[PDB]
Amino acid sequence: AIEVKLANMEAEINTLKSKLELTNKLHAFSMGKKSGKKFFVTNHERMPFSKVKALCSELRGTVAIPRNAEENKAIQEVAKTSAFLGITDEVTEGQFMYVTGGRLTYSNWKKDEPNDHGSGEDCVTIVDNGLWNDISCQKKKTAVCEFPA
């Protein structure tokens, strides 16, 4: 019976969809995702900002964005080394924007930064003690992605 088989296929597909979602939930949890909080993941590879951005988008996430101290601390702990943040002033020098949109609100700049040093620095890294510093987007820094809460 073709219709009986089609209904089974629907049931099979639905079952699969539910299991894949459970697998994603389990993975996030094992990656340290706290309930109702976005989580961060890194492979500890250093690369230019454009590569991090491409990579994270490929994973349906975005370059990590600290929107408060807790998140800043979380990113610092995941990264373990200097890493790019999803913040840049490439569009208009001096005005930092999130890669996903909007002007920067919470910030944790290191003393005397951002300084757009020399020829210029339009990207941002989370460095020592979790403070931030603007740097050339061409530099290679750890890739840390954030995924929705």
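Numbers follow the displayed sequence, beginning with 1.
*Asks:* Look over 45-53 and 77-85 in the entry and identify the one with the greater average Cα temperature factor.
*Replies:* The recorded data point to 77-85.
*Asks:* Which is higher on mean Cα B factor in this entry, 61-69 or 113-121?
*Replies:* Here the higher of the two C-alpha B-factor means belongs to 61-69.
*Asks:* Among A11, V127, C137, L22, where is the Cα temperature factor highest, going by the PDB entry?
*Replies:* Result of the comparison over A11, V127, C137, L22: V127.
*Asks:* Could you place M97 in the lowest, middle or highest third of its chain by Cα temperature factor, using the values in the record?
*Replies:* Within its chain, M97 is a middle-third residue by C-alpha B-factor, going by the deposited values.
*Asks:* Going by what the PDB entry lists, where does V4 fall on CA B-factor within its chain: lowest, middle or highest third?
*Replies:* Its C-alpha B-factor, which the entry lists for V4, ranks in the highest third among residues of this chain.
*Asks:* Where does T105 sit by CA temperature factor within its chain: lowest, middle or highest third?
*Replies:* Middle third - that is where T105 ends up once the chain's C-alpha B-factors are sorted.
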